[PDB]
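*Asks:* Residue numbers (PDB author numbering), protein chains in the order written: chain B, 17 to 460; chain A, 17 to 460; chain C, 1 to 222; chain E, 2 to 222; chain D, 1 to 211; chain F, 1 to 211. No residue lacks a Cβ here, since even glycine has one placed at the ideal position from N, Cα and C.
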Amino acid sequence: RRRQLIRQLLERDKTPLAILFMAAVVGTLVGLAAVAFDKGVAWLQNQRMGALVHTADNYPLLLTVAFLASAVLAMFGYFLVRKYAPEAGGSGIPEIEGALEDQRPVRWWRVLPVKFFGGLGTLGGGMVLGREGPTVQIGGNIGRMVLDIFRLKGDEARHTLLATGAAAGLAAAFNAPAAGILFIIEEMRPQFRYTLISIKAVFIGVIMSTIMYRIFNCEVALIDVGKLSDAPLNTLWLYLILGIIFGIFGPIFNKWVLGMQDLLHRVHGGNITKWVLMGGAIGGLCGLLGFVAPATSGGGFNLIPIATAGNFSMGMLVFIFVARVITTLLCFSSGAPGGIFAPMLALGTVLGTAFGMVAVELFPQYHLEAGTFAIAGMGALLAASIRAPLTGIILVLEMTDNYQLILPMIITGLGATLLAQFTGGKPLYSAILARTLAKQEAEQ
Amino acid sequence: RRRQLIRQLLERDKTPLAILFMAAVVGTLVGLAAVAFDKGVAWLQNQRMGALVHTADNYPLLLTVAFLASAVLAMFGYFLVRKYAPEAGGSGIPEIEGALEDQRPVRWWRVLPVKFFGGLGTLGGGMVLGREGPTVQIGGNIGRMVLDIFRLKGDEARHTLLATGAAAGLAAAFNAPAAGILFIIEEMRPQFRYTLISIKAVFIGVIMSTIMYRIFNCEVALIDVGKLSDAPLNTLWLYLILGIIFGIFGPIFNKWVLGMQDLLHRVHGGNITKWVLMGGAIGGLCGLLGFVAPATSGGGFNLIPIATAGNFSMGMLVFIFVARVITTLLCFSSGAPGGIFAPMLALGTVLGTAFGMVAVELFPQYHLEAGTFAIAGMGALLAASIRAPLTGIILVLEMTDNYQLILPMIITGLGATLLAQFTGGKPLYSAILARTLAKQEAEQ
Amino acid sequence: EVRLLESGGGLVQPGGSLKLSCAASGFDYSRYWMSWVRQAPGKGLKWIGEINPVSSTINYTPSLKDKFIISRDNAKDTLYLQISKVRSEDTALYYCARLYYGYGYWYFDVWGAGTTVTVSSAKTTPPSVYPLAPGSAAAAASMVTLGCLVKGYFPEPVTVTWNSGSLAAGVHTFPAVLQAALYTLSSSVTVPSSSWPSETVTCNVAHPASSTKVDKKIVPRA
Amino acid sequence: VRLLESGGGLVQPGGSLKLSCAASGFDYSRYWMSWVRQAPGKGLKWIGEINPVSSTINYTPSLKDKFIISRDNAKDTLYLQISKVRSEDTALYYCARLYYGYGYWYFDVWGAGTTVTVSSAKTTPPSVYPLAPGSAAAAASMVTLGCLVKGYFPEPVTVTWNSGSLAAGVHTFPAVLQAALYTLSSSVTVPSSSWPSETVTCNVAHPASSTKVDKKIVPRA
Amino acid sequence: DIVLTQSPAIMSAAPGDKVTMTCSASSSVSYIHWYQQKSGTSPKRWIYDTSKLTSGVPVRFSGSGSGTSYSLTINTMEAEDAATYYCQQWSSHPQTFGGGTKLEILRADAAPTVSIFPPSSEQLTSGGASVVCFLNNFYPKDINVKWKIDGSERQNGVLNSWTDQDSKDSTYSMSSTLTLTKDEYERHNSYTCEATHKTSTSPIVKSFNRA
Amino acid sequence: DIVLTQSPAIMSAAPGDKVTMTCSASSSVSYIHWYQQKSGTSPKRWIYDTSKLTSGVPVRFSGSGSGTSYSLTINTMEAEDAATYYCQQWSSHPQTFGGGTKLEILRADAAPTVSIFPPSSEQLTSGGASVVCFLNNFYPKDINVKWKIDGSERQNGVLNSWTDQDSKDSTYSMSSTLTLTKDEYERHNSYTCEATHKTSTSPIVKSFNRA
Ligand SMILES: [Cl-]
Ligand SMILES: [Cl-]
Ligand SMILES: [Cl-]
């Protein structure tokens, strides 16, 4: 092997140019798709808001126009996935990981129109789901579209071009290029065998996709938190406790998402008309709470600057938390197109801030700021549920830019992923792909 | 293979408790070792300064005690490596990469005393070498020492504990925990086969190793650069040009270090006394240049804040660059224990600023600051020479804390690693392991 | 708010020098490039120069070495501009502007009100205000137009209000005309016949350059 | 890096006053600030602290609005208002920037302090009298001059010689109080060649009355 | 430097109608900015990088162009749009502004309201004599004023001054002062002011006699 | 509130002695800080985290302790170390300060240098007369001053004041001020200031006579 190694080492990082050029193309198209998806959801965001203004006197009428406007848009998303692209429901990240292990087909001719237009209705109606889901699976499918259009083949051309499209999709969804690459290597690569995902090609596609997102989004950040305080060494133990809380809640939440998928199926048994009429009922549910209590609904990026700055009362923080976990399951486990990734950032910050407020008034000698435990908890449920802690920590840091909190963010992230394992939890994305490949091959 | 897939996924990240606990102890000892190594070289550095003032009368005597104090310290380090630990010369990263592919032994009973005390002489005498080299190889061997002390076994226990020790070693050398983990993930894991390096265990050891160095160094940063300006979209093309320049220089520099290893060897042919007397001549050169022109010598971290702030003339930048390229080759290719990693950060920013200074006065409409291209070039020689671009940019960002430059830093990194590939270069660390594994066979 | 207030502009002799100042409020005055731009009376805007936050780079329009000197002190929150050997071409309204960018092609983000610089060897003189009443045998119509003549002053400006600003409708103040190193302007007010000479109509005239405040009631002639 | 506090001086019992501390040389935002006071001849006692955003404001255990601590980061200034002032509030008040090492916070750097005197007397500026040797210049190698600062209130006054140029050889003596007014003396020793060949002037400053007196000491002929 | 000249230095347009001014360059430029200036107020950033509108600018505004020729338009013009619009470049260094296009409201024609005032007794005791003629509230501004002293027109001693466009009225106005010494003022008796607007062929003359 | 009690309130030492002062807490505390306050100076952070030296502190200083007993040590003290030292804790809110350990220097003997000063001309103009007597840089602290008018002895109207120990020389200075009305100053001629100190059996005496 000594001889085989010597000529592997002297022949390393030599990605074929054909792949790198096509990595540039997929990232460009993923960026344009992600921007267009973002502007669309926002356009529906105020179309629906401007409707709330020709109706703002008749309080019954307005809670009516809120439900219906969001119910229809939701029903438009549930329908478009159940009738033309069943694997475009839910997140789509695990379906894209199945493809990378050659275990799921990527039907780009169907998933690209379905999840794009389906997600527009689901996210534009104000349900608690994230853009990450759509943009990664959309971005992956575009990787296979250009993988077919120019008929490149070879195992890597299939695997890389599909990987860079997925990374470009995560990057463009958060304006986080570093997190996009880390997600592929840490979570979305085939994780029990060697593969040829060319990292240099993933780099190319990520930059082009987020350059396109900065052509249409600069000067405004998704989340602005200011510069928080530093974390003294004698305070780190408090972040280890916070991770421990996240570490045991992580799996419990994982059982809920899975179990609620089952419970939600039995109400509709599976045929398309009962299903989409229940998607309209919770789609109208969240469009109503979207303004009777906005923090309960939506993607949740709105509350995070508010929660970090300690501008929420502790009573409300638990309300928002217990409301938002209810809202989160019933929207994601329903099968609606949209991610769970971003909603769990919101839940992480709300739980962090509550722990921080308690810490601030048991230890005045620590001179604490609740926000630092908001930032540390932001990525903690990602670490406990998804168990991609390195992505979670670099994503949170890319979006909040408080590098001085790297150790507390690292410690509660590892505390979360430590107790999630020792309490019998599983990576959510792997646990649902497993259940998807289990019933297809067991009860076929 | 769906049958094995479904329950491989259902068992993912199941790191044995024994490995993660012992990962914590490895990182604790790597941190303490790195701290002691850092304080030791600092103590010798000013011992040499305090000598220079009891000799500030006779300028000839003053250049004499500078040369010989560094010559003796250098000769000491060359001796202990050729006499007791031949694989503790140079960087030590390639040897730890061999060990992770089970193709080089980790003789911890010999290199840990040699590399520690040997590096103390080379770095304490003011040679152009980085502490990362020592700290990574020291940390890896410490990983196997407690592997052996408690004689745990399994492939993963050996590979993990050896990986976390190396990651803890890089983290403690730069106060960069994220880069330590990324370095294992991107560059030093076995790159042509699957392994089960447990990432969460690497995480644990990095945390404890980074806690240990901030117990003895808080409130002071290795390099503080301030907050620089942002990078407008219409200026990004300039960073790609800068990367292209690094991409052409990267391999050219890689050939020089390798070729200088050969040229320097013929001077001593292989003999321990002849070798150690040339190491004293290169050690005395740098202790002398250490007082006739400090920018020519030393690790180079001091000059990085100065260069970024545009406080050097273009003339001085060109002097420093070619001087430091000579001094860097003459110390690393000689076989002295010490890294090449940190010196190429110095070379990267100094050329970065030079490119910055020309750009600012060719495009006054861009309102540029030379420092932003200093930050982008900092990790660029790493990207072109080492071709671990994701570590370089996350490490540079960990040390400079100007996230607003991530896109230009990313663009200059990939332009470097693209043109290094297209001009027929190879990753330096892999090229040194290759030549090491080649002569371990050509002797048969 | 974001606010820029320029100051230090007025009357100086040819060949002299001045120092304009721009006080910034309501934003991090560091982190921003600042810039000066002037507008000669009735002409286009012309760029003076710009200064970075740390004063490391300072650019000027193509105009001879040390005529302009732009400087800042980020501590006291203000920007400065010195003009030397000033001539009449430097008579202009001087704007202080905060710089920024969109895609990277820089624009002048926020402006101040400005200060006027007048370069002349004529002397500051106060105005004489004369009331202008309709003729003795005036055609008493529905509307009555009165006015007052503010004559022989230097430099600009004067301000004129009517009854302390109560009658703002029907007011026109005409631009000043310069002749023989002196300025003249007039102000007109139209008022219903039932108000004058029933009530009292006053024109208040202020010329701060000569510390002149004066009121002139308008009374009918003959 | 300097903290200079002001607003000190006299207050009638039961009244109120606000002290200000003007910070400079460091990012005043992103820094916890604090107030410490020192009674005459006694040790230090913490008053309170305030975080950079004024979200957290802590106080030593006192009553209602006894102290209220405020900051305005726009002009990097710290504030302290004392109400219902009693004799226990007569102290030298220090404004201090706060920091830490391992996490147990300390008082990083301190201001010069500002005195407040709770009394119902009134401010009188000081009368400064020059003290030169009586017409008997028995010249040794050195000569000793001084000036007498008499009849001021409240404390303190500062005394320099030639605006600080003469730093070696000067003693300022602690003021002592009689008839509700203070008096102190300052002594200066200079070479016999230095005087009256060159001028010696003592510069007294009484910030409470905003008064400075610069008295030149000339021989008696 | 790069010279940008803007198309119609002056022009007028009725409300609720589409306007269009142009900016053109000596070389070719990139991403042009537009500023709106009303008299008495600071310039305000209006349109930047060719076509993006600043926060607050109504959507009737829009920008376009390429390389060497760019433009601002307002679909349906409003009254508040009356101001001066300066295009500006910084594609190349140094940056340059355009000469500006003033753009005001058009409305129906209006005849001037003429008024003449004799020299005040205050000015006469000082030795000077100014006779003043107010021509107020008219559209268009093209107006010619004529002085006659006992039926004989006079040319020198006259200085006219025009308003800018009234805000509410959107009219104009123009004063004209004939200044003599008190001596020549007393040699004569009649003082006529002839307003030759174009809303009529016969001028509206107003006069006074000292008797 | 945690109250910390410090070692001696006052202690004396000769330069070269090893000096230790201790800070004892009513309840357990950790990582104690120390502040040096020289006479007329605001406290300056000296030792923090029990054992760490603030930059610039000479390494002759050291701290230690744990639980309820902490100490600061000067290994061979120097004369410039004369000050009052305060321990402080903040491991428990609220932070608290010790009472202070005042460190005084022992040194060799020093005789006083006494100067006499007649009432100035301008003080006489407002009706007062203050005869001032300076006695500078003596050691030890103890000294008594004796006022003779007419060769008599005054004990009414005398006011003394000592400086604290000097940070350079470790000496003491004092001032004695005899205050009379201008009239009482006038009914006499000779004024004497008598200095008795351990450095001489015969008192040091300086005087002037009004004439
Ligand atoms: Cl998701
Ligand atoms: Cl090596
Ligand atoms: Cl290295």
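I10(D): which of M21(D), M77(D) and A79(D) sits nearest, CA to CA?
*Replies:* Closest option to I10(D), Cα to Cα, is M21(D).
*Asks:* Taking contact to mean 3 or more Cβ pairs, one atom from each stretch, closer than 8 Å, check whether the stretch 356-364 of chain B and the stretch 313-326 of chain B are in contact.
*Replies:* As far as the Cβ criterion goes, the stretch 356-364 of chain B touches the stretch 313-326 of chain B, which means the pair count is three or higher.
*Asks:* Could you say if the stretch 26-37 of chain E and the stretch 138-149 of chain E meet the contact criterion of at least three C-beta pairs nearer than 8 Å?
*Replies:* No: fewer than three Cβ pairs fall under 8 Å.
*Asks:* Alpha carbons only, please: which of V218(B), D54(B), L45(B) and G93(B) is nearest the one belonging to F190(B)?
*Replies:* Out of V218(B), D54(B), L45(B) and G93(B), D54(B) has the C-alpha closest to the C-alpha of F190(B).
*Asks:* Could you tell me whether any non-hydrogen atom of ligand 1 is closer than 8 Å to the CB of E148(B)?
*Replies:* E148(B): yes, Cβ under 8 Å from ligand 1.
*Asks:* Got a sec? Which residues, its chain only, sit under 8 Å from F117(F) by beta carbon, not counting five neighbours each side?
*Replies:* Contacts found: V131, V132, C133 and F134.
*Asks:* Whose CA, out of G295(A), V308(A), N318(A) and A390(A), lies closest to the CA of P353(A)?
*Replies:* Ranking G295(A), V308(A), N318(A) and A390(A) by Cα distance to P353(A) puts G295(A) first.
*Asks:* For the beta strand (DSSP E) that contains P248(B), what are its first and last residues?
*Replies:* Where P248(B) is concerned, there is no enclosing beta strand (DSSP E), given that its DSSP letter is neither H nor E.
*Asks:* When Cβ atoms are compared, which residues of the stretch 376-393 of chain A fall closer than 7 Å to chain D?
*Replies:* Taking 7 Å as the Cβ-Cβ cut-off against chain D, the residues of the stretch 376-393 of chain A that qualify are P380 and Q381.
*Asks:* Using CA atoms only, rank isn't needed, just tell me which of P43(D), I74(D), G99(D) and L178(D) is closest to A113(C).
*Replies:* It is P43(D).
*Asks:* Check this for me: beta carbons of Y105(C) and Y153(C), under 9 Å apart or not?
*Replies:* No, the Cβ-Cβ distance between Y105(C) and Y153(C) is not below 9 Å.
*Asks:* Any heavy atom of ligand 3 closer than 8 Å to the beta-carbon of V152(A)?
*Replies:* Under cutoff, so the answer is yes.
*Asks:* Any C-beta of chain B within less than 7 Å: which residues of the stretch 74-92 of chain F qualify?
*Replies:* Listed by position, the residues of the stretch 74-92 of chain F near chain B (Cβ gap below 7 Å) are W90, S91 and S92.
*Asks:* Comparing C-alpha positions only, which one of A14(D), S71(D) and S28(D) sits nearest to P8(D)?
*Replies:* When only C-alpha atoms are compared, the closest one is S71(D).
*Asks:* Rounded to whole angstroms, what is the Cα-Cα separation between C96(E) and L4(E)?
*Replies:* Each residue's alpha carbon lies about 7 Å from the other.
*Asks:* If you measure between the beta carbons of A67(A) and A85(A), is that distance less than 9 Å?
*Replies:* Yes; because the gap between Cβ atoms is below 9 Å, this pair is in contact.
*Asks:* Using a C-beta to C-beta distance shorter than 7 Å, which residues of chain F count as neighbours of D109(E)?
*Replies:* The answer, in chain order, is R45.
*Asks:* By a C-beta neighbour count over all protein chains shown, 10 Å radius and 16 as the cutoff for buried, is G275(A) buried or exposed?
*Replies:* Exposed, by the Cβ-count rule.
*Asks:* Go ahead and pull the three-state DSSP assignment for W162(F).
*Replies:* Three-state DSSP puts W162(F) in a strand.
*Asks:* With 9 Å set as the bound, which would you pick, yes or no: does the beta-carbon of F269(B) sit closer than that to a beta-carbon of chain A?
*Replies:* Chain A contact via Cβ: absent.
*Asks:* So which residues on chain A does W106(C) lean against when the C-beta distance must stay under 9 Å?
*Replies:* Going along chain A in sequence order, the residues near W106(C) (Cβ under 9 Å) are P248, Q381, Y382 and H383.
*Asks:* Does ligand 2 have a heavy atom nearer than 8 Å to the CB of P110(A)?
*Replies:* Indeed, a heavy atom of ligand 2 lies less than 8 Å from the Cβ.
*Asks:* Which chain B residues are close to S35(E), counting only those with a beta carbon under 8 Å from its beta carbon?
*Replies:* By Cβ distance, chain B contributes nothing, its closest Cβ being about 11 Å from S35(E), past 8 Å.
*Asks:* Alpha carbon to alpha carbon, how far is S173(F) from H172(E)?
*Replies:* Rounded to the nearest angstrom, the two C-alpha atoms are 7 Å apart.
*Asks:* Rounded to whole angstroms, what's the CA-CA distance from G15(C) to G40(D)? Just pull it up for me.
*Replies:* Rounded to whole angstroms, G15(C) to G40(D) spans 29 Å at the Cα level.
*Asks:* Compare the beta carbon distance of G300(A) and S313(A) with 9 Å and say whether it is the shorter of the two.
*Replies:* Not in contact: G300(A) and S313(A) (Cβ atoms no closer than 9 Å).
*Asks:* Determine the direct distance from the alpha carbon of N59(E) to that of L96(A), and round the result to whole angstroms.
*Replies:* Near 59 Å, if we compare the C-alpha coordinates of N59(E) and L96(A).
*Asks:* With DSSP as the reference, label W162(E) as helix, strand or coil.
*Replies:* Here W162(E) sits in strand by DSSP.
*Asks:* Cβ of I201(A) within 9 Å of Cβ of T176(A)?
*Replies:* Not a contact, by the Cβ cut-off of 9 Å.
*Asks:* Closest Cβ-Cβ distance between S120(D) and chain C: below 9 Å?
*Replies:* Judged by the 9 Å Cβ criterion, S120(D) is in contact with chain C.
*Asks:* Taking buried to mean at least 16 other C-beta atoms within 10 Å of its own C-beta, is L279(B) buried or exposed?
*Replies:* The residue in question, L279(B), is exposed, as its Cβ has fewer than 16 Cβ neighbours within 10 Å.
*Asks:* CB-CB under 7 Å to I239(B), same chain, minus the five flanking residues each way: which ones, in chain order?
*Replies:* Excluding sequence neighbours, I239(B) sits near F317, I320, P321, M415 and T416.
*Asks:* Among the residues of its own chain, which have a CB less than 8 Å from the CB of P94(F), if the five just before and after it don't count?
*Replies:* The answer, listed in chain order, is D1.
*Asks:* Where in the stretch 119-200 of chain E do unbroken runs of the beta strand (DSSP E), each at least 3 residues long, occur, reported from the N-terminal end onward?
*Replies:* Here the runs fully enclosed are 128-132, 143-153, 159-162, 171-173, 177-179 and 182-192.
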